Every structure is written in structure tokens, then in C-alpha cells.
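Asker: pasting an experimental structure, sequence included:
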Amino acid sequence: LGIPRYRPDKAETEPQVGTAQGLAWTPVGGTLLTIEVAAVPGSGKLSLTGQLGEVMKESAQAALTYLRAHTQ
Amino acid sequence: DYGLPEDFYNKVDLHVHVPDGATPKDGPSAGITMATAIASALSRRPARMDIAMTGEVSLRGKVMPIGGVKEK
């Protein structure tokens, strides 16, 4: 066959800073949505890339709202 | 009356969330819903579910009538 196109076990890559291995069911087979979020000092707002929906932004807002209750 | 601090219009934010983006029923048909929700979340005391609510709020503290009592 040649070269393994994919990692044998996913437990071998690395822990990453802004990586969260999501879960989803794409009608072409399940796959993990590697949602990547980067924090940059500045004005303070939500930059919304990667073709979010309304609900996706609301989920981000909900996560920030909970994280604001407990920050320290 | 509800154990609240003297100043809570400035001292604390209020991130409000509603499961329906638009008006499911036109006008605030759940004014006292938010009254109860905000009172519970600002006095840090729970809100009794299994007892639904509905109405409208006026700034004097009066529950104005609502249409479609049958549907509520």
C-alpha cells in the first residue's frame, strides 16, 4: 500500500493550545470538527470566521458567559 | 424586598438569552417570565419550575393582561 495516510492512533499527535476535537455527523461520514479559536488582545469582541451560523455564535456567547461567572 | 444589593443596574451585567430569536407571540407575552428569571438570577435564589408563567410587565410593577389565555 505504501505510506499510512492517517495516524494509526489519534493518541499520538500533541496537545494543542487552541484545539478542541469536536464531534459531528456529516452526511458523508462522521468527522471531528477541529474548531480553532485564537485570542488576541485588543478592542474586545467576537470575530466570527469560518462560516458560523446564528446558533454557533450563540454557543460561543454562552461559553463566554459561563467563563465570566468563574474566571479566577 | 428580594435581598438584592443597593446598586445592581451598574454593578452587575445581565447576559439574557431567549430560545426564540424573533417574537414567537408578538409583543412581550413573557414579561413576568423575565421578571422571575432576572429576580432569581440576581438574588441567587432558584426559580420553581413545574409552575409556568405568562403575562406582561409595566414599570409600576403591574401585570397587564395578555391575549390568548387559552393558548397559554
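Answerer: It's in. Residues are numbered from 1 along each chain as shown, chains lettered A, B, ... in the order given.
Asker: need the three-state assignment for whichever residue of chain B sits closest to chain A.
Answerer: Ranked by Cβ to the nearest Cβ, the top residue of chain B for proximity to chain A is residue B:15, at 4.6 Å. Any C-beta I mention is one placed from the backbone N, CA and C, and that applies to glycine too. Using DSSP: H, G, I helix; E, B strand; the rest coil, the structure places residue B:15 in coil.
Asker: where do the helices sit along the chain?
Answerer: Unless you meant another one, I'm taking chain A. Under the criterion DSSP state H, chain A carries helices at the ranges A:54-69.
Asker: right idea, wrong chain: chain B
Answerer: B:31-43.
Asker: which residues does the residue of chain B closest to chain A contact?
Answerer: A:61, A:65, A:68 (Cβ atoms under 8 Å, 6 or more residues apart in numbering or on different chains).
Asker: residue B:14 against residue B:38, yeah?
Answerer: Yes - using Cβ atoms under 8 Å, residue B:14 is in contact with residue B:38, at 6.6 Å.
Asker: quick one: which of those two has more around it?
Answerer: residue B:38 (14 against 11; other Cβ atoms under 10 Å in any protein chain shown).
Asker: residue contacts, that one?
Answerer: Counting by Cβ under 8 Å, 6+ apart, residue B:38 makes contact with B:14, B:16.
Asker: against residue B:13, how distant is it?
Answerer: To residue B:13, residue B:38 is 12 Å away according to Cβ to Cβ, to the nearest Å.
Asker: over to residue A:7?
Answerer: Using Cβ to Cβ, residue A:7 is found at 44 Å from residue B:13.
Asker: need the nearest residue in space to residue B:52, chain neighbours excluded.
Answerer: In space, and not counting its chain neighbours, residue B:52 is closest to residue B:72: 8.0 Å by Cβ to Cβ, 6 or more residues apart in numbering or on different chains.
Asker: next, count neighbours for that neighbour.
Answerer: Neighbour tally, residue B:72, other Cβ under 10 Å: 13.
Asker: which residues touch the residue of chain A found nearest chain B?
Answerer: Chain B sits closest to residue A:65 of chain A, with a gap of 4.6 Å, by Cβ to the nearest Cβ. By Cβ under 8 Å, 6+ apart, the contact set of residue A:65 is B:15, B:17.
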